[PDB]
């Protein structure tokens, strides 16, 4: 699995840990970061959804 980075580059997400992905896009800022549902879920107020494909966030 692969995930997008805030630097604009691509990163490899291993299933052993990184199983989720989050993409934050705003008119004031834009960044991407995630890994484990346990950490991603920390984002209260919004829902975290990941795709079975590569580079979904």
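In PDB author numbering, the protein residues as written are 1 to 57.
Using N, Cα and C, we set each Cβ at its ideal position, and we do this for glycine too.
Inset, instruction - Compute every distance between the C-beta of residue 17 and the non-hydrogen atoms of the ligand ZN, then say whether any falls below 7 Å. - result: As for the ligand ZN, it is missing from this structure, which has no ligand bound.
Legend entry - Beta-bridge partners of residue 10, as assigned by DSSP: 4
Legend entry - Whole-angstrom distance between residue 9 and residue 43, CA atom to CA atom: 23 Å
Inset, instruction - Return the CA-CA distance between residue 24 and residue 32, expressed in angstroms with no decimal places. - result: Roughly 6 Å separates the two Cα atoms.
Inset, instruction - Under 6 Å Cβ to Cβ from residue 12, same chain only, skipping five residues before and after it: list those, please. - result: 2
Inset, instruction - Would you identify the three-state DSSP class for residue 39, choosing helix, strand or coil? - result: helix
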